[PDB]
Amino acid sequence: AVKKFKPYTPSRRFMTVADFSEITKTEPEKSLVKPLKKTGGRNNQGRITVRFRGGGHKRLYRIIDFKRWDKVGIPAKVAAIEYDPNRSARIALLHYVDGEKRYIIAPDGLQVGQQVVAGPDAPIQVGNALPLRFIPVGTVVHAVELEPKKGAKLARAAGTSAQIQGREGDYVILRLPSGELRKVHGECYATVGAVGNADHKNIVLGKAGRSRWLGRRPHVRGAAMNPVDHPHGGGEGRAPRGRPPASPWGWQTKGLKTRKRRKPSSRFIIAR
Amino acid sequence: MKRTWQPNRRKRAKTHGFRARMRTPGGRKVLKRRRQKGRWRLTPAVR
RNA sequence: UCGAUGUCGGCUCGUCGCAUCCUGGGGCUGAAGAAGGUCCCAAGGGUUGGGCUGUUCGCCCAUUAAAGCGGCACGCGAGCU
RNA sequence: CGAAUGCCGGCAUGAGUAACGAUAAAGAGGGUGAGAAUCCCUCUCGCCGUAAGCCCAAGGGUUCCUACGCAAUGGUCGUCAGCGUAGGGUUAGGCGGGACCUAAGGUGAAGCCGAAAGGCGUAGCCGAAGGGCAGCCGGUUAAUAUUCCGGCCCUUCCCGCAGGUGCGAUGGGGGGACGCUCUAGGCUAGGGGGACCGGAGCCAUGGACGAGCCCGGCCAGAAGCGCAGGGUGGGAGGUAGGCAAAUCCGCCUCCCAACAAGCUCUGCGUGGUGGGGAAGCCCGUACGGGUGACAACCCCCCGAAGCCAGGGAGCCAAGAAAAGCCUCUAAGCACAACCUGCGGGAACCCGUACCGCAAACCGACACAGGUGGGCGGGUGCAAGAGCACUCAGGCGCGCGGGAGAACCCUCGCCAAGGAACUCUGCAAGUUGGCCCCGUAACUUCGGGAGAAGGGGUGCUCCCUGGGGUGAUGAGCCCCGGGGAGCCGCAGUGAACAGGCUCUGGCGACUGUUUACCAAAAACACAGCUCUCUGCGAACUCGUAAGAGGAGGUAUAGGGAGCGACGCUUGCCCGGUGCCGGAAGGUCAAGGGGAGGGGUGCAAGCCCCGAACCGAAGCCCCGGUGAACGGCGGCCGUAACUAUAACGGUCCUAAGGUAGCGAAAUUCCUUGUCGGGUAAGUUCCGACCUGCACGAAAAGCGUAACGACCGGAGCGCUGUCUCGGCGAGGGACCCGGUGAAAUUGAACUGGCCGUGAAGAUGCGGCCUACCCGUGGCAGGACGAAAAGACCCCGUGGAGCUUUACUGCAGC
RNA sequence: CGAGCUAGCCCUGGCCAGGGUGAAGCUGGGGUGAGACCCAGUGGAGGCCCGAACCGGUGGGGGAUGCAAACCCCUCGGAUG
RNA sequence: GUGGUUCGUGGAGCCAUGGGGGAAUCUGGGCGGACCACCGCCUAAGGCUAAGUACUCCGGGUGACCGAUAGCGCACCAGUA
RNA sequence: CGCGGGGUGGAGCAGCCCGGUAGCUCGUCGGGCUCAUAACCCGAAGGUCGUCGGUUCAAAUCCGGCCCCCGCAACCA
RNA sequence: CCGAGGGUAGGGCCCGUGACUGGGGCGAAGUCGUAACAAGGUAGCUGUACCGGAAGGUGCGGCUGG
RNA sequence: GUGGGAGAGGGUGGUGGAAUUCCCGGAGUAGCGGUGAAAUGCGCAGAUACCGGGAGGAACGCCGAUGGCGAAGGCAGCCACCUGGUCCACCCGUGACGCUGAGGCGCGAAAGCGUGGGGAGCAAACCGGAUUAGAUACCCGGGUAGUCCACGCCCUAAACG
Ligand SMILES: [Mg+2]
Ligand SMILES: [Mg+2]
Ligand SMILES: [Mg+2]
Ligand SMILES: [Mg+2]
Ligand SMILES: [Mg+2]
Ligand SMILES: [Mg+2]
Ligand SMILES: [Mg+2]
Ligand SMILES: [Mg+2]
Ligand SMILES: [Mg+2]
Ligand SMILES: [Mg+2]
Ligand SMILES: [Mg+2]
Ligand SMILES: [Mg+2]
Ligand SMILES: [Mg+2]
Ligand SMILES: [Mg+2]
Ligand SMILES: [Mg+2]
Ligand SMILES: [Mg+2]
Ligand SMILES: [Mg+2]
Ligand SMILES: [Mg+2]
Ligand SMILES: [Mg+2]
Ligand SMILES: [Mg+2]
Ligand SMILES: [Mg+2]
Ligand SMILES: [Mg+2]
Ligand SMILES: [Mg+2]
Ligand SMILES: [Mg+2]
Ligand SMILES: [Mg+2]
Ligand SMILES: [Mg+2]
Ligand SMILES: [Mg+2]
Ligand SMILES: [Mg+2]
Ligand SMILES: [Mg+2]
Ligand SMILES: [Mg+2]
Ligand SMILES: [Mg+2]
Ligand SMILES: [Mg+2]
Ligand SMILES: [Mg+2]
Ligand SMILES: [Mg+2]
Ligand SMILES: [Mg+2]
Ligand SMILES: [Mg+2]
Ligand SMILES: [Mg+2]
Ligand SMILES: [Mg+2]
Ligand SMILES: [Mg+2]
Ligand SMILES: [Mg+2]
Ligand SMILES: [Mg+2]
Ligand SMILES: [Mg+2]
Ligand SMILES: [Mg+2]
Ligand SMILES: [Mg+2]
Ligand SMILES: [Mg+2]
Ligand SMILES: [Mg+2]
Ligand SMILES: [Mg+2]
Ligand SMILES: [Mg+2]
Ligand SMILES: [Mg+2]
Ligand SMILES: [Mg+2]
Ligand SMILES: [Mg+2]
Ligand SMILES: [Mg+2]
Ligand SMILES: [Mg+2]
Ligand SMILES: [Mg+2]
Ligand SMILES: [Mg+2]
Ligand SMILES: [Mg+2]
Ligand SMILES: [Mg+2]
Ligand SMILES: [Mg+2]
Ligand SMILES: [Mg+2]
Ligand SMILES: [Mg+2]
Ligand SMILES: [Mg+2]
Ligand SMILES: [Mg+2]
Ligand SMILES: [Mg+2]
Ligand SMILES: [Mg+2]
Ligand SMILES: [Mg+2]
Ligand SMILES: [Mg+2]
Ligand SMILES: [Mg+2]
Ligand SMILES: [Mg+2]
Ligand SMILES: [Mg+2]
Ligand SMILES: [Mg+2]
Ligand SMILES: [Mg+2]
Ligand SMILES: [Mg+2]
Ligand SMILES: [Mg+2]
Ligand SMILES: [Mg+2]
Ligand SMILES: [Mg+2]
Ligand SMILES: [Mg+2]
Ligand SMILES: [Mg+2]
Ligand SMILES: [Mg+2]
Ligand SMILES: [Mg+2]
Ligand SMILES: [Mg+2]
Ligand SMILES: [Mg+2]
Ligand SMILES: [Mg+2]
Ligand SMILES: [Mg+2]
Ligand SMILES: [Mg+2]
Ligand SMILES: [Mg+2]
Ligand SMILES: [Mg+2]
Ligand SMILES: [Mg+2]
Ligand SMILES: [Mg+2]
Ligand SMILES: [Mg+2]
Ligand SMILES: [Mg+2]
Ligand SMILES: [Mg+2]
Ligand SMILES: [Mg+2]
Ligand SMILES: [Mg+2]
Ligand SMILES: [Mg+2]
Ligand SMILES: [Mg+2]
Ligand SMILES: [Mg+2]
Ligand SMILES: [Mg+2]
Ligand SMILES: [Mg+2]
Ligand SMILES: [Mg+2]
Ligand SMILES: [Mg+2]
Ligand SMILES: [Mg+2]
Ligand SMILES: [Mg+2]
Ligand SMILES: [Mg+2]
Ligand SMILES: [Mg+2]
Ligand SMILES: [Mg+2]
Ligand SMILES: [Mg+2]
Ligand SMILES: [Mg+2]
Ligand SMILES: [Mg+2]
Ligand SMILES: [Mg+2]
Ligand SMILES: [Mg+2]
Ligand SMILES: [Mg+2]
Ligand SMILES: [Mg+2]
Ligand SMILES: [Mg+2]
Ligand SMILES: [Mg+2]
Ligand SMILES: [Mg+2]
Ligand SMILES: [Mg+2]
Ligand SMILES: [Mg+2]
Ligand SMILES: [Mg+2]
Ligand SMILES: [Mg+2]
Ligand SMILES: [Mg+2]
Ligand SMILES: [Mg+2]
Ligand SMILES: [Mg+2]
Ligand SMILES: [Mg+2]
Ligand SMILES: [Mg+2]
Ligand SMILES: [Mg+2]
Ligand SMILES: [Mg+2]
Ligand SMILES: [Mg+2]
Ligand SMILES: [Mg+2]
Ligand SMILES: [Mg+2]
Ligand SMILES: [Mg+2]
Ligand SMILES: [Mg+2]
Ligand SMILES: [Mg+2]
Ligand SMILES: [Mg+2]
Ligand SMILES: [Mg+2]
Ligand SMILES: [Mg+2]
Ligand SMILES: [Mg+2]
Ligand SMILES: [Mg+2]
Ligand SMILES: [Mg+2]
Ligand SMILES: [Mg+2]
Ligand SMILES: [Mg+2]
Ligand SMILES: [Mg+2]
Ligand SMILES: [Mg+2]
Ligand SMILES: [Mg+2]
Ligand SMILES: [Mg+2]
Ligand SMILES: [Mg+2]
Ligand SMILES: [Mg+2]
Ligand SMILES: [Mg+2]
Ligand SMILES: [Mg+2]
Ligand SMILES: [Mg+2]
Ligand SMILES: [Mg+2]
Ligand SMILES: [Mg+2]
Ligand SMILES: [Mg+2]
Ligand SMILES: [Mg+2]
Ligand SMILES: [Mg+2]
Ligand SMILES: [Mg+2]
Ligand SMILES: [Mg+2]
Ligand SMILES: [Mg+2]
Ligand SMILES: [Mg+2]
Ligand SMILES: [Mg+2]
Ligand SMILES: [Mg+2]
Ligand SMILES: [Mg+2]
Ligand SMILES: [Mg+2]
Ligand SMILES: [Mg+2]
Ligand SMILES: [Mg+2]
Ligand SMILES: [Mg+2]
Ligand SMILES: [Mg+2]
Ligand SMILES: [Mg+2]
Ligand SMILES: [Mg+2]
Ligand SMILES: [Mg+2]
Ligand SMILES: [Mg+2]
Ligand SMILES: [Mg+2]
Ligand SMILES: [Mg+2]
Ligand SMILES: [Mg+2]
Ligand SMILES: [Mg+2]
Ligand SMILES: [Mg+2]
Ligand SMILES: [Mg+2]
Ligand SMILES: [Mg+2]
Ligand SMILES: [Mg+2]
Ligand SMILES: [Mg+2]
Ligand SMILES: [Mg+2]
Ligand SMILES: [Mg+2]
Ligand SMILES: [Mg+2]
Ligand SMILES: [Mg+2]
Ligand SMILES: [Mg+2]
Ligand SMILES: [Mg+2]
Ligand SMILES: [Mg+2]
Ligand SMILES: [Mg+2]
Ligand SMILES: [Mg+2]
Ligand SMILES: [Mg+2]
Ligand SMILES: [Mg+2]
Ligand SMILES: [Mg+2]
Ligand SMILES: [Mg+2]
Ligand SMILES: [Mg+2]
Ligand SMILES: [Mg+2]
Ligand SMILES: [Mg+2]
Ligand SMILES: [Mg+2]
Ligand SMILES: [Mg+2]
Ligand SMILES: [Mg+2]
Ligand SMILES: [Mg+2]
């Protein structure tokens, strides 16, 4: 894991690349890819609604499967492990015996060669997807639906996971990858395991350009603008924030809690 | 050094031409205006 | 003088004043000699090269007969910087 | 009308002045003509040649070719022209685009939203310098040609014949179909040599009849074939997936091939045939043509970045779509239909001139500027698209003639000295290519490093190793190795081609920036921290629908600071902000009606109204520092003196820790000392009295990097002592063309006074014949700009906030 | 009414002579209990080096009713990101 | 909660209506400037309606209207160059 | 020279504002505990409020001058 | 040819010296406290770590030389 | 060699309960903590004590001993795997094949370091209440690194018999 470099240039010193030994196949499943329209941060009016985006290598989108109850009870053999340029994680190729192939988001410690199944049945194992109600408690799980039939949403990023800490009535208690404590519905499919590529968090971009390749462009500080531009613009040399610190648009950026309070969602949440 | 006029035969009609003045009510009035002043040309001519 | 009289310093080119730095001529001396002091006359000419600082000024190095003080929009940017 | 830096027009002055637009450069003969430096032809000279040559795309739109013209346009001239008039000129089933596909985006039946105008939007549709598609060599015109002609190839549609098969689609499946760097084999383009082939000719001026000299030695081409290469397994069984179905595709199993073996596709070769085909001489062309010729038509070498091509390897940042194409089946229809081959017929619209790094495009100009793709020969220097010369081809820049002043510009050289110049070595010099030796502190071990400093460099003869091509051999091409000699001041002999070291500051670094006075110590940067955000996320845009975020999910996304890395980042929560707090306080509409009132005969209608219940906010409670921020005063004390480890007391929310310190911060100030210098307000080292450093508006260091900013040496210099001479382009004289700001009028002198206080204009005096040229800048408070500084105006605008008052948002 | 200048982004194409340095990995040899590692070859990475095209605009002179309403000469920065 | 009216919250009615409530059909309902009695006026919650009125692209008539810097911007091949 | 704050027993601070009536800690002197010192305990002393002027009955206190200390400012030029 | 040496360039070691600075030694009777020696009045010492005018204080672990 | 034994020897993966702390819930009231005595702290916004649920980390009570094990450092709930050293019986094999050991190599308590993760209790530093002349200590209330885990460094010690 985590390939380093001799410093035969600066920026090649502290730089770091992932280890692709996991990656078993170097071109994707033409059947399962579709093209990715790159936004540039712009929305349906040619307006930038997210700052500092664009540039960066073109990507092909892998259409990946987050509902696993299409295929209930069918198994599949894990065919390949691939690079997915659109996510932290890696994707698994898996041929269902159905003859139907899909991509899956690859759990940690999932060999090529595994059979894998999805359903209320099904053994408690890496790759396997069940409703939450049949996962035994204290099981480490990932790629969880929030509400039934709606698709995996939680714990999908490289190294992420969730624990099933309990059950109460129709619902079950999870610790999220953020340590929030959430009730989720019995009938939500979650595939067991953590996600892995867990070493993802140690990569060191190492040089400016490598940040461009991921399509994020320079971020210039409020501090360095003029008043027209930012709450922190101005002041002759440097100068400190001179007010409670703020976003360009003017709301306070240290401590302000933005979660809408009257969300009904909130009955189902117990933590930080 | 590179100047303000970089003539391109398509942009012009694409931009200021007649079919384009007519989709925007803004431009329909451009025409209304021009036509009533008796412009010989309501639109730049092309090619 | 604001329907504009470009500001410090330098360089260039100077000209003028004398309340004289030096050279010429003087009185007095607490002037033996040499060399000084101090005041008078005298504007003819002369009045160095460098280290530092934008500096003018100043301080300093090495000299000198001496290494003068001023005015000319603090001389001079339709002459330069 | 006399004034408004008035308005519109006319004409002056400046003035025969400055200019005539690249310093690539001209000269002469002859022709035409009213007229010739300027037009045509010849000759000689110079200039481009990874162009200043040639071909495409934009844009331009008759500029194209011919005849007749010269008033205007042409920076002069014009007999010429891109100018006037007139006439001619653009030929396509295969080139480009359309009766083909889709991309961003646009549009938009369904749908959704919005006072109206309108906004969104799945499908479809439109949209190309991308995907798909069938033409190559030559000849002809004054002017068009892959367009016409000639030779040889090819596509699609319609109809028919023959043979074959369940045919059949907008549907299913395959394919189209892909990045970056490096790169194998074999070709081609292109190029060099040849003693061989072909060829007009030539022997000068001392020599040469020669294996002399000069010229040239190919192009295109179906099938078939041959050489390199691309693509692709075959059979069956099962079959629940590919929104119907499928024999297809997917998946499992079994059996064969493992390789291109077979099938297939493309490149190149050869190819029936077809075509070109020099120098030179002659002819007369404005420019082409006669013969050369019956031309020759071949070996060798170099060799792509191009081709086989979807080739191969590696890497992470992970690399379009749809149709054409093939296959599969559904309706349907199967005397259909489709597949194959052959034959006949049918084949539309638009562009095609010319310019195209520019005198035809964008820059008011025949403007030293800008403008995308391709080709871009030869020799030499290591390479090369570099530099020098040079071919084809194209040019001498649309004012000239002379003179040989000051001064200017751009160059060249310089006795002795060598930074003394100066804000500063600014400028300029020195250095310089390659081969070899050799190379420090320090370091993140890569670097530092072209460190530094040195040696070599040509020519000639002899000996000689390996490589690619050839057979292993000659020849040819490439890399060398040793020996002896020759010549000059000098051998990278001209041209292109780093000056170097020591040492601070700031910034880690390559990058970004004020188009057009700032390129930087500023921005950005990987990286650290805080903080928000459970996903119909936060946040942004939008009245909204919708969209971005993201077809992402906390190893994610947003916001803020800090800014590689090393070592670190102390103390204060009183105020402010944010976070938590069921209580208490206070509080809006609302609820509540005690009680009061108007009016009526009255039942009534109407109005007012205290307690009490009643959000958020604020108050109160607490937390919070990589949140806004803040981090003391006086007095004494040690056995010389000084100072004060110690103490006292007043205050605070707490009293500045480390480290650093006269600093990009130090006022006093050129502090004091030390170092460098003959001399140092700068610079380096240190002290601490820090006016007024101090820890993520980070503190102190740091190798490497810097067109950043200081200081110092070496080297070398016209920077200087201090100037000189020389070159060209101007300046000057002559011929041609001929502006400009400015301008109350002018017959426009000095001094000393006076004057609104700085007089050619008033006083007194002095000087002074009229008018010019080339020169200098002291003066006309010279020109320019209705002063930007400063003040005024109850003038304006950008910006801020615990100014006022509102609105969005929450 | 304007993004035919200019700033960003999206889609699709194209361009970067020539030299230099020599990372990983691979292979071999040494090492060892096995390793680490060491050496050598090969290999060919990099906001690496020098330098044309191309993109810039460092300093200086010229220009200043200009060739030019931002140009010219010399010098200089990047040049596989 | 607003708008209209002379009415700017004012004793603020009338006319209109975004929100909450929410009737009756002659003895039913609105109005005369908060509200109450009295006395009057008038019959909302559907529609149509010439003329008298505004303007002048066009035609005509007339000017103590202009006469080519005037009069339309255009007397002329002008919304042109 | 400007604005604002101060000057009180020996040292450091209250009191001044709102006139009468000067307090707090330490130090000092006397006693005590101790072998003795410090600590510790008990007692005590000590002042004209910078100064000169005025106001009042009366002034540290209200007012003005002068002298001082602390702080702030000294901009466009 | 070689050549004493001379000159130019760049390294290594050793000596001396240097504003200032670090600690150390020593010095009849200075200042501050009381760490250790008697449960030295918190058992002592100990490696390390953070702090603190100063001896030293505390954390973790160890030693008994209680 | 054969057979045979004891053991907290080491490495890995699991797992149990006791207590602490936070949380939810119930009841229930005016104090609880703390000390030499206290104060800071906590509590009517419902604390302490009590009960039921849950989360999480660390350490393993009686057995346990003046015991065992290891070369040293060191090693203690329980279970399984892999695994080192060591002793005994029998006298079966080989025939001096030994001892030590400069360098070298490796292990090496705690505390410290790096990059992640984990953080209940404890706790340098720090803040506060006390004590003192003072108290940057000793006592008390708070409390961050750290203690734990993985990987990688550090190489020290009254590392002592
Ligand atoms: Mg739009
Ligand atoms: Mg970022
Ligand atoms: Mg930034
Ligand atoms: Mg700024
Ligand atoms: Mg703006
Ligand atoms: Mg603002
Ligand atoms: Mg600010
Ligand atoms: Mg500014
Ligand atoms: Mg500042
Ligand atoms: Mg700023
Ligand atoms: Mg959160
Ligand atoms: Mg224009
Ligand atoms: Mg076009
Ligand atoms: Mg017309
Ligand atoms: Mg003035
Ligand atoms: Mg004037
Ligand atoms: Mg003037
Ligand atoms: Mg005199
Ligand atoms: Mg004399
Ligand atoms: Mg004399
Ligand atoms: Mg004498
Ligand atoms: Mg004189
Ligand atoms: Mg004189
Ligand atoms: Mg000097
Ligand atoms: Mg100087
Ligand atoms: Mg001075
Ligand atoms: Mg002098
Ligand atoms: Mg002057
Ligand atoms: Mg000037
Ligand atoms: Mg003047
Ligand atoms: Mg003339
Ligand atoms: Mg003149
Ligand atoms: Mg002249
Ligand atoms: Mg002239
Ligand atoms: Mg004739
Ligand atoms: Mg060439
Ligand atoms: Mg065209
Ligand atoms: Mg034109
Ligand atoms: Mg014409
Ligand atoms: Mg012509
Ligand atoms: Mg003419
Ligand atoms: Mg013509
Ligand atoms: Mg044809
Ligand atoms: Mg048709
Ligand atoms: Mg089309
Ligand atoms: Mg289409
Ligand atoms: Mg519709
Ligand atoms: Mg639309
Ligand atoms: Mg769309
Ligand atoms: Mg196309
Ligand atoms: Mg195409
Ligand atoms: Mg075609
Ligand atoms: Mg032609
Ligand atoms: Mg042709
Ligand atoms: Mg033809
Ligand atoms: Mg059938
Ligand atoms: Mg079929
Ligand atoms: Mg078909
Ligand atoms: Mg050929
Ligand atoms: Mg040849
Ligand atoms: Mg011959
Ligand atoms: Mg012949
Ligand atoms: Mg001869
Ligand atoms: Mg012959
Ligand atoms: Mg098969
Ligand atoms: Mg079958
Ligand atoms: Mg089916
Ligand atoms: Mg062939
Ligand atoms: Mg390939
Ligand atoms: Mg289609
Ligand atoms: Mg049928
Ligand atoms: Mg043509
Ligand atoms: Mg043509
Ligand atoms: Mg050009
Ligand atoms: Mg070109
Ligand atoms: Mg040309
Ligand atoms: Mg031309
Ligand atoms: Mg010209
Ligand atoms: Mg031009
Ligand atoms: Mg170009
Ligand atoms: Mg060439
Ligand atoms: Mg060559
Ligand atoms: Mg060369
Ligand atoms: Mg060239
Ligand atoms: Mg030629
Ligand atoms: Mg010329
Ligand atoms: Mg010319
Ligand atoms: Mg000389
Ligand atoms: Mg000389
Ligand atoms: Mg010298
Ligand atoms: Mg000097
Ligand atoms: Mg000087
Ligand atoms: Mg220079
Ligand atoms: Mg040079
Ligand atoms: Mg090196
Ligand atoms: Mg080295
Ligand atoms: Mg060298
Ligand atoms: Mg030689
Ligand atoms: Mg020679
Ligand atoms: Mg020689
Ligand atoms: Mg030269
Ligand atoms: Mg050179
Ligand atoms: Mg060089
Ligand atoms: Mg400095
Ligand atoms: Mg930088
Ligand atoms: Mg910037
Ligand atoms: Mg600029
Ligand atoms: Mg500007
Ligand atoms: Mg600049
Ligand atoms: Mg720069
Ligand atoms: Mg909004
Ligand atoms: Mg969305
Ligand atoms: Mg998306
Ligand atoms: Mg974040
Ligand atoms: Mg910053
Ligand atoms: Mg801090
Ligand atoms: Mg502190
Ligand atoms: Mg605070
Ligand atoms: Mg607080
Ligand atoms: Mg607070
Ligand atoms: Mg709150
Ligand atoms: Mg309350
Ligand atoms: Mg109320
Ligand atoms: Mg009420
Ligand atoms: Mg409230
Ligand atoms: Mg508080
Ligand atoms: Mg300090
Ligand atoms: Mg220091
Ligand atoms: Mg200092
Ligand atoms: Mg100094
Ligand atoms: Mg300072
Ligand atoms: Mg000295
Ligand atoms: Mg000195
Ligand atoms: Mg000194
Ligand atoms: Mg300076
Ligand atoms: Mg210094
Ligand atoms: Mg600072
Ligand atoms: Mg600060
Ligand atoms: Mg700060
Ligand atoms: Mg900084
Ligand atoms: Mg620093
Ligand atoms: Mg540095
Ligand atoms: Mg740079
Ligand atoms: Mg720079
Ligand atoms: Mg000179
Ligand atoms: Mg000269
Ligand atoms: Mg000359
Ligand atoms: Mg006068
Ligand atoms: Mg007169
Ligand atoms: Mg008079
Ligand atoms: Mg006069
Ligand atoms: Mg004259
Ligand atoms: Mg003058
Ligand atoms: Mg002049
Ligand atoms: Mg004015
Ligand atoms: Mg105003
Ligand atoms: Mg407000
Ligand atoms: Mg653009
Ligand atoms: Mg290697
Ligand atoms: Mg090996
Ligand atoms: Mg590079
Ligand atoms: Mg090119
Ligand atoms: Mg450009
Ligand atoms: Mg730029
Ligand atoms: Mg420049
Ligand atoms: Mg210049
Ligand atoms: Mg000039
Ligand atoms: Mg560079
Ligand atoms: Mg370069
Ligand atoms: Mg790119
Ligand atoms: Mg109203
Ligand atoms: Mg109203
Ligand atoms: Mg209503
Ligand atoms: Mg009424
Ligand atoms: Mg009434
Ligand atoms: Mg009525
Ligand atoms: Mg009319
Ligand atoms: Mg008339
Ligand atoms: Mg007229
Ligand atoms: Mg008119
Ligand atoms: Mg007239
Ligand atoms: Mg007019
Ligand atoms: Mg008429
Ligand atoms: Mg007309
Ligand atoms: Mg006493
Ligand atoms: Mg020697
Ligand atoms: Mg102790
Ligand atoms: Mg003691
Ligand atoms: Mg003790
Ligand atoms: Mg402590
Ligand atoms: Mg300790
Ligand atoms: Mg035996
Ligand atoms: Mg035996
Ligand atoms: Mg250890
Ligand atoms: Mg430890
Ligand atoms: Mg530390
Ligand atoms: Mg740690
Ligand atoms: Mg404690
Ligand atoms: Mg505690």
# chains A, B, ... in the order shown; residues from 1 in each chain; ligands from 1
$ residues_near_ligand --ligand "ligand 199" --cutoff "10 Å" --atoms "only C-alpha atoms (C1' of nucleotides) and all ligand atoms" --output "PyMOL selection string"
chain I and resi 121-123+141-143
$ residues_near_ligand --ligand "ligand 131" --cutoff "12 Å" --atoms "only C-alpha atoms (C1' of nucleotides) and all ligand atoms" --output "number ranges by chain"
D: 661-667, 690-694
$ residues_near_ligand --ligand "ligand 192" --cutoff "12 Å" --atoms "only C-alpha atoms (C1' of nucleotides) and all ligand atoms" --output "JSON, numbers by chain"
{"I": [1, 90, 91, 92, 93, 94, 95]}
$ interface_residues --of "chain F" --to "chain B" --cutoff "12 Å" --atoms "only C-alpha atoms (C1' of nucleotides)" --output "list in words"
residues 57, 73, 78, 79 and 80 of chain F
$ residues_near_ligand --ligand "ligand 73" --cutoff "12 Å" --atoms "only C-alpha atoms (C1' of nucleotides) and all ligand atoms" --output "PyMOL selection string"
chain D and resi 55-56+64+90+143-145+147+352-356
$ write_last_selection --atoms "C-alpha atoms (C1' of nucleotides)" --output "PDB file, in the first residue's frame"
ATOM      1  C1'   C D  55      -0.316  24.231 -50.559  1.00  0.00           C
ATOM      2  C1'   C D  56      -4.937  24.262 -47.235  1.00  0.00           C
ATOM      3  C1'   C D  64      -8.951  37.022 -61.156  1.00  0.00           C
ATOM      4  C1'   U D  90     -15.170  29.495 -61.568  1.00  0.00           C
ATOM      5  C1'   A D 143      -7.961  32.905 -67.131  1.00  0.00           C
ATOM      6  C1'   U D 144     -10.904  26.720 -64.158  1.00  0.00           C
ATOM      7  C1'   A D 145      -9.450  21.676 -63.352  1.00  0.00           C
ATOM      8  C1'   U D 147     -14.311  19.605 -61.964  1.00  0.00           C
ATOM      9  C1'   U D 352     -14.694  26.002 -56.975  1.00  0.00           C
ATOM     10  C1'   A D 353     -11.997  32.990 -59.909  1.00  0.00           C
ATOM     11  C1'   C D 354      -8.292  35.653 -57.140  1.00  0.00           C
ATOM     12  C1'   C D 355      -5.562  37.315 -51.979  1.00  0.00           C
ATOM     13  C1'   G D 356      -4.581  34.313 -48.175  1.00  0.00           C
TER      14        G D 356
END
$ residues_near_ligand --ligand "ligand 148" --cutoff "8 Å" --atoms "only C-alpha atoms (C1' of nucleotides) and all ligand atoms" --output "VMD selection string"
chain D and resid 753 to 754 758 to 759
$ closest_atom_pairs --of "chain A" --to "chain I" --cutoff "10 Å" --atoms "only C-alpha atoms (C1' of nucleotides)" --output "CSV"
residue,atom,partner,partner_atom,distance
A:165,CA,I:55,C1',8.8
A:166,CA,I:54,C1',9.5
A:199,CA,I:116,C1',9.5
A:201,CA,I:116,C1',9.1
A:202,CA,I:115,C1',8.4
$ write_last_selection --atoms "C-alpha atoms" --output "PDB file, in the first residue's frame"
ATOM      1  CA  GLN A 165     -25.605  -1.356  17.533  1.00  0.00           C
ATOM      2  CA  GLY A 166     -29.156  -2.503  18.135  1.00  0.00           C
ATOM      3  CA  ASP A 199      -5.488   3.268   2.718  1.00  0.00           C
ATOM      4  CA  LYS A 201      -6.688   8.522   3.269  1.00  0.00           C
ATOM      5  CA  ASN A 202      -2.915   8.523   3.228  1.00  0.00           C
TER       6      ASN A 202
END
$ residues_near_ligand --ligand "ligand 164" --cutoff "9 Å" --atoms "only C-alpha atoms (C1' of nucleotides) and all ligand atoms" --output "PyMOL selection string"
(chain D and resi 512-513+515) or (chain E and resi 56-57)
$ select_by_dssp --residues "stretch 18-109 of chain A" --states "strand (DSSP E or B)" --output "PyMOL selection string"
chain A and resi 25+33-35+42+48+53+60-62+64+76-82+91-96+101-105
$ residues_near_ligand --ligand "ligand 162" --cutoff "9 Å" --atoms "only C-alpha atoms (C1' of nucleotides) and all ligand atoms" --output "JSON, numbers by chain"
{"D": [50, 373, 374, 385], "E": [15, 53]}
